[PDB]
Amino acid sequence: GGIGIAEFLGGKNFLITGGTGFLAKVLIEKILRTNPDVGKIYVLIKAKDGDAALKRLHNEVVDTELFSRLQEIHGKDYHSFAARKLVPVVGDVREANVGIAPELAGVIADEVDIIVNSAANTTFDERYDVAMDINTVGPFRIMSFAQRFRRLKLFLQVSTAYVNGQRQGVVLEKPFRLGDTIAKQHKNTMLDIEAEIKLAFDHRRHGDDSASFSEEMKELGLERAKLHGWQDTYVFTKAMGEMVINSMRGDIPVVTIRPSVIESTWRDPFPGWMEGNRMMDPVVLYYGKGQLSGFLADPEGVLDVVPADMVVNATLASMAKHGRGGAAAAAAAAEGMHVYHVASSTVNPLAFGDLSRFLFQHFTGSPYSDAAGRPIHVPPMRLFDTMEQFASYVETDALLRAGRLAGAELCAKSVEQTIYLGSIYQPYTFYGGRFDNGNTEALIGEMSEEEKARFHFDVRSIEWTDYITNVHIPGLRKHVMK
Ligand SMILES: NC(=O)c1ccc[n+]([C@@H]2O[C@H](COP(=O)([O-])OP(=O)(O)OC[C@H]3O[C@@H](n4cnc5c(N)ncnc54)[C@H](OP(=O)(O)O)[C@@H]3O)[C@@H](O)[C@H]2O)c1
């Protein structure tokens with residue numbers, strides 16, 4: 001019985017856009033190791049040229065600790081197997097046929113059965129031109145190219161659940177179509193891609209590289225994201241891309257996976273894998289060492305975190321379920337985007353309160369030895385309800401300015417940043433969201449208990465008390481070794 005995940009990647013070939021990608025890469029590992037009769041992964045990669053991109057493929061994928069298990073099942077074969085299976089494709093989603101040289105571009109659009117598109121710019125306050133170009137006009141470029149594909153069986157788009165924007169309360173898995181805004185001061189009522197496309201980059205002094213003008217564009221992006229009802233320039237474009245992919249898939253059958261807040265693999269290759277210092281981490285990181293006695297955060301409120309581990313297995317379940325093209329399925333009408341919320345905030349929510357606890361409890365028992373290898377002073381995270389009671393903590397500038405008391409106002413451009421730091425995380429620390437986990441639950445209920453073994457994405461089995469203190473922040477601290 002079940003849903004067939006293993007069997008499926010039978011001999012199938014992928015185009016995939018996450019090159020140094022945190023998430024995409026874990027996916028690649030998983031596929032090779034799950035079934036080494038995949039048809040090949042093509043792996044688009046940014047690069048000066050294509051031997052300069054074999055380098056990227058080696059230094060950041062094959063010669064990484066993530067792949068160790070594989071490097072073990074293959075003997076002296078692996079390095080062969082890796083070459084037989086990972087085709088570097090020098091490429092850029094910012095330009096047409098995602099920047100692939102043509103002779104190859106076509107070789108690809110002939111062989112490939114599944115396109116996974118995790119590529120993205122994930123800077124929050126990113127300038128408009130950039131975010132729009134990668135996050136919202138790129139997905140065009142791919143989908144566009146996707147249409148010239150010969151036997152493309154499924155197109156899998158990776159966008160956030162933070163895509164759901166300013167939606168408060170429980171939020172169901174439903175798609176965005178090309179007109180939609182999330183507005184239910186400043187407000188607009190319909191979303192003119194055209195109009196956005198033109199403010200973001202029309203002329204743009206293609207040659208003006210004033211970090212002034214570069215600000216004007218960072219600022220502008222936020223203005224709009226917040227006009228139409230998204231928090232920031234990323235979640236905006238990330239949604240607009242969903243809108244593009246909705247408008248442009250035709251006969252093709254996409255899945256839309258919405259993972260919220262990826263974190264360290266919860267057990268599959270091995271628990272404890274991470275890349276990158278993006279959002280939660282750089283605070284967990286800061287508070288490991290100096291400068292965060294307290295953060296600005298409703299401590300009854302939730303952070304929707306998922307293990308990277310479980311994102312990937314949801315990803316692979318949908319692939320096996322929805323891109324098993326058929327005939328009476330292709331001869332029958334176009335279906336809808338398959339949206340999957342792969343998320344915790346409706347089932348096993350982790351509260352900023354238990355979070356601040358586990359930060360303390362993990363930095364106490366085995367803290368961060370500093371520059372002189374002399375271990376840290378870390379108490380319990382102090383969480384504030386207000387920019388009042390958070391800014392009431394410049395009681396540190398002076399207080400933390402105790403290193404000077406031996407014998408017998410002070411300047412604080414240091415609080416001005418720990419304040420900004422928290423100003424900026426505000427919208428996420430006070431997120432009204434809660435991400436209904438529903439379709440994605442029914443996907444499990446479809447699997448054989450045999451499959452629930454290999455490909456766990458029961459968000460429910462997470463013991464937050466454990467996975468944060470013991471699995472994530474370790475595996476985090478380890479990666480940011482460099
Ligand atoms: N952080 C999270 O937990 C989180 C949040 C929710 C959902 N997601 C979404 O899932 C995806 C996973 O990304 P990630 O965070 O795992 O890794 P990441 O490092 O944030 O993703 C960046 C990836 O996109 C590639 N990329 C950037 N610009 C490109 C371009 N012009 N052309 C082609 N590729 C380009 C990068 O290439 P380079 O190799 O040069 O970087 C890299 O492979 C994203 O869409 C993200 O928004 C993840």
# chains A, B, ... in the order shown; residues from 1 in each chain; ligands from 1
$ residues_around --residues "residue 184 in chain A" --least-positions-apart "4" --cutoff "10 Å" --atoms "only C-alpha atoms" --output "VMD selection string"
chain A and resid 166 to 168 189 229
$ residues_around --residues "range 424-438 of chain A" --least-positions-apart "2" --cutoff "7 Å" --atoms "only C-alpha atoms" --output "list in words"
residues 167, 168, 169, 170, 171, 172, 173, 231, 296, 297, 298, 301, 341, 342, 343, 345, 346, 420, 421, 422, 440, 441 and 442 of chain A
$ closest_atom_pairs --of "chain A" --to "ligand 1" --cutoff "9 Å" --atoms "only C-alpha atoms and all ligand atoms" --output "tab-separated table"
residue	atom	partner	partner_atom_place_in_ligand_line	distance
A:17	CA	ligand 1	34 (N)	5.5
A:18	CA	ligand 1	43 (O)	3.3
A:19	CA	ligand 1	43 (O)	3.7
A:20	CA	ligand 1	39 (O)	4.1
A:21	CA	ligand 1	43 (O)	3.5
A:22	CA	ligand 1	16 (O)	3.5
A:23	CA	ligand 1	16 (O)	3.4
A:24	CA	ligand 1	16 (O)	5.9
A:25	CA	ligand 1	16 (O)	7.8
A:26	CA	ligand 1	16 (O)	8.7
A:44	CA	ligand 1	33 (C)	6.8
A:45	CA	ligand 1	39 (O)	6.3
A:46	CA	ligand 1	40 (O)	5.5
A:47	CA	ligand 1	40 (O)	8.1
A:56	CA	ligand 1	39 (O)	8.3
A:91	CA	ligand 1	33 (C)	6.4
A:92	CA	ligand 1	32 (N)	3.6
A:93	CA	ligand 1	32 (N)	3.8
A:94	CA	ligand 1	31 (N)	4.8
A:95	CA	ligand 1	31 (N)	8.0
A:98	CA	ligand 1	32 (N)	7.1
A:99	CA	ligand 1	32 (N)	8.1
A:117	CA	ligand 1	45 (O)	7.6
A:118	CA	ligand 1	11 (C)	4.3
A:119	CA	ligand 1	24 (O)	3.4
A:120	CA	ligand 1	24 (O)	4.4
A:121	CA	ligand 1	27 (C)	5.4
A:122	CA	ligand 1	20 (O)	5.3
A:123	CA	ligand 1	20 (O)	8.3
A:130	CA	ligand 1	31 (N)	8.9
A:133	CA	ligand 1	31 (N)	8.2
A:134	CA	ligand 1	31 (N)	5.7
A:135	CA	ligand 1	45 (O)	7.9
A:138	CA	ligand 1	31 (N)	8.0
A:157	CA	ligand 1	45 (O)	8.0
A:158	CA	ligand 1	10 (O)	4.9
A:159	CA	ligand 1	9 (C)	4.9
A:160	CA	ligand 1	7 (C)	3.8
A:161	CA	ligand 1	6 (C)	6.6
A:162	CA	ligand 1	6 (C)	7.1
A:163	CA	ligand 1	6 (C)	8.7
A:234	CA	ligand 1	47 (O)	8.0
A:235	CA	ligand 1	47 (O)	8.2
A:238	CA	ligand 1	47 (O)	7.2
A:257	CA	ligand 1	10 (O)	8.4
A:258	CA	ligand 1	7 (C)	6.2
A:259	CA	ligand 1	7 (C)	4.8
A:260	CA	ligand 1	6 (C)	4.4
A:261	CA	ligand 1	3 (O)	3.8
A:262	CA	ligand 1	3 (O)	3.0
A:263	CA	ligand 1	3 (O)	6.0
A:275	CA	ligand 1	19 (O)	7.7
A:276	CA	ligand 1	19 (O)	7.0
A:277	CA	ligand 1	1 (N)	9.0
A:278	CA	ligand 1	1 (N)	6.6
A:279	CA	ligand 1	1 (N)	7.5
A:305	CA	ligand 1	3 (O)	8.0
A:306	CA	ligand 1	3 (O)	7.8
A:307	CA	ligand 1	3 (O)	8.7
A:308	CA	ligand 1	3 (O)	7.4
$ select_by_dssp --residues "range 46-108 of chain A" --states "helix (DSSP H, G or I)" --output "number ranges by chain"
A: 51-62, 65-73, 78-85, 97-99, 102-108
$ write_last_selection --atoms "C-alpha atoms" --output "PDB file, in the first residue's frame"
ATOM      1  CA  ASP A  51      34.573  24.870 -14.638  1.00  0.00           C
ATOM      2  CA  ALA A  52      34.445  27.719 -12.030  1.00  0.00           C
ATOM      3  CA  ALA A  53      31.050  26.068 -11.158  1.00  0.00           C
ATOM      4  CA  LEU A  54      32.322  22.441 -10.975  1.00  0.00           C
ATOM      5  CA  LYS A  55      34.376  24.033  -8.198  1.00  0.00           C
ATOM      6  CA  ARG A  56      31.261  25.321  -6.413  1.00  0.00           C
ATOM      7  CA  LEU A  57      29.615  21.844  -6.914  1.00  0.00           C
ATOM      8  CA  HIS A  58      32.649  20.146  -5.232  1.00  0.00           C
ATOM      9  CA  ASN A  59      33.561  22.646  -2.434  1.00  0.00           C
ATOM     10  CA  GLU A  60      29.944  23.117  -1.359  1.00  0.00           C
ATOM     11  CA  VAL A  61      28.141  19.884  -1.972  1.00  0.00           C
ATOM     12  CA  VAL A  62      30.256  16.802  -2.519  1.00  0.00           C
ATOM     13  CA  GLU A  65      29.777  16.643   5.912  1.00  0.00           C
ATOM     14  CA  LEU A  66      26.175  16.345   4.878  1.00  0.00           C
ATOM     15  CA  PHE A  67      27.086  13.900   2.172  1.00  0.00           C
ATOM     16  CA  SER A  68      29.288  11.736   4.398  1.00  0.00           C
ATOM     17  CA  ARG A  69      26.702   8.996   4.733  1.00  0.00           C
ATOM     18  CA  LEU A  70      26.554   8.801   0.944  1.00  0.00           C
ATOM     19  CA  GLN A  71      30.400   8.942   0.609  1.00  0.00           C
ATOM     20  CA  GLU A  72      30.132   5.854   2.871  1.00  0.00           C
ATOM     21  CA  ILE A  73      27.487   3.751   1.011  1.00  0.00           C
ATOM     22  CA  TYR A  78      30.932   8.017  -4.506  1.00  0.00           C
ATOM     23  CA  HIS A  79      33.240  10.498  -6.318  1.00  0.00           C
ATOM     24  CA  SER A  80      32.210   8.587  -9.579  1.00  0.00           C
ATOM     25  CA  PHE A  81      28.476   8.351  -8.522  1.00  0.00           C
ATOM     26  CA  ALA A  82      28.604  12.118  -7.616  1.00  0.00           C
ATOM     27  CA  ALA A  83      29.923  12.923 -11.159  1.00  0.00           C
ATOM     28  CA  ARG A  84      27.385  10.485 -12.827  1.00  0.00           C
ATOM     29  CA  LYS A  85      24.455  12.183 -10.908  1.00  0.00           C
ATOM     30  CA  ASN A  97      16.183  30.086 -19.620  1.00  0.00           C
ATOM     31  CA  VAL A  98      17.572  30.782 -16.122  1.00  0.00           C
ATOM     32  CA  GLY A  99      20.841  31.787 -17.834  1.00  0.00           C
ATOM     33  CA  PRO A 102      21.374  27.002 -25.184  1.00  0.00           C
ATOM     34  CA  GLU A 103      22.819  23.702 -26.567  1.00  0.00           C
ATOM     35  CA  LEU A 104      22.535  22.394 -22.928  1.00  0.00           C
ATOM     36  CA  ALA A 105      19.371  24.349 -22.009  1.00  0.00           C
ATOM     37  CA  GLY A 106      17.644  22.100 -24.568  1.00  0.00           C
ATOM     38  CA  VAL A 107      19.378  18.814 -23.602  1.00  0.00           C
ATOM     39  CA  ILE A 108      17.882  19.654 -20.118  1.00  0.00           C
TER      40      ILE A 108
END
$ select_by_dssp --residues "range 226-276 of chain A" --states "strand (DSSP E)" --output "ChimeraX atom specification"
/A:255-259,262-263
$ write_last_selection --atoms "N, CA, C and O atoms" --output "mmCIF file, in the first residue's frame"
data_model
loop_
_atom_site.group_PDB
_atom_site.id
_atom_site.type_symbol
_atom_site.label_atom_id
_atom_site.label_comp_id
_atom_site.auth_asym_id
_atom_site.auth_seq_id
_atom_site.Cartn_x
_atom_site.Cartn_y
_atom_site.Cartn_z
ATOM 1 N N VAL A 255 3.303 21.855 -7.485
ATOM 2 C CA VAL A 255 3.125 21.814 -6.014
ATOM 3 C C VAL A 255 3.725 23.129 -5.532
ATOM 4 O O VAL A 255 4.705 23.586 -6.166
ATOM 5 N N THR A 256 3.132 23.725 -4.498
ATOM 6 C CA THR A 256 3.687 24.881 -3.753
ATOM 7 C C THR A 256 3.935 24.453 -2.315
ATOM 8 O O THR A 256 2.950 24.284 -1.591
ATOM 9 N N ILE A 257 5.194 24.305 -1.919
ATOM 10 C CA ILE A 257 5.560 23.961 -0.517
ATOM 11 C C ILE A 257 5.896 25.257 0.223
ATOM 12 O O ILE A 257 6.649 26.098 -0.349
ATOM 13 N N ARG A 258 5.296 25.429 1.391
ATOM 14 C CA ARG A 258 5.472 26.598 2.214
ATOM 15 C C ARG A 258 5.995 26.185 3.564
ATOM 16 O O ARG A 258 5.240 25.826 4.444
ATOM 17 N N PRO A 259 7.298 26.217 3.726
ATOM 18 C CA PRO A 259 7.951 25.869 4.966
ATOM 19 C C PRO A 259 8.179 27.150 5.687
ATOM 20 O O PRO A 259 8.555 28.113 5.065
ATOM 21 N N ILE A 262 12.917 27.212 8.451
ATOM 22 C CA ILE A 262 13.788 26.077 8.439
ATOM 23 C C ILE A 262 14.850 26.055 9.500
ATOM 24 O O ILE A 262 15.412 27.081 9.834
ATOM 25 N N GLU A 263 15.143 24.873 10.015
ATOM 26 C CA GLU A 263 16.143 24.731 11.020
ATOM 27 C C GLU A 263 16.822 23.395 10.828
ATOM 28 O O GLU A 263 16.461 22.650 9.938
#
$ closest_residue --among "A:443, A:350, A:178, A:245" --to "residue 460 in chain A" --atoms "only C-alpha atoms"
A:350
$ residues_around --residues "range 362-368 of chain A" --least-positions-apart "2" --cutoff "7 Å" --atoms "only C-alpha atoms" --output "NGL selection string"
:A and (288-289 or 358-360 or 370 or 375-376 or 378 or 469)
$ closest_residue --among "A:477, A:74, A:249, A:218" --to "residue 147 in chain A" --atoms "only C-alpha atoms"
A:249
$ atom_distance --atom1 "CA of residue 410 in chain A" --atom2 "CA of residue 397 in chain A"
7.5 Å
$ atom_distance --atom1 "CA of residue 453 in chain A" --atom2 "CA of residue 467 in chain A"
18.6 Å
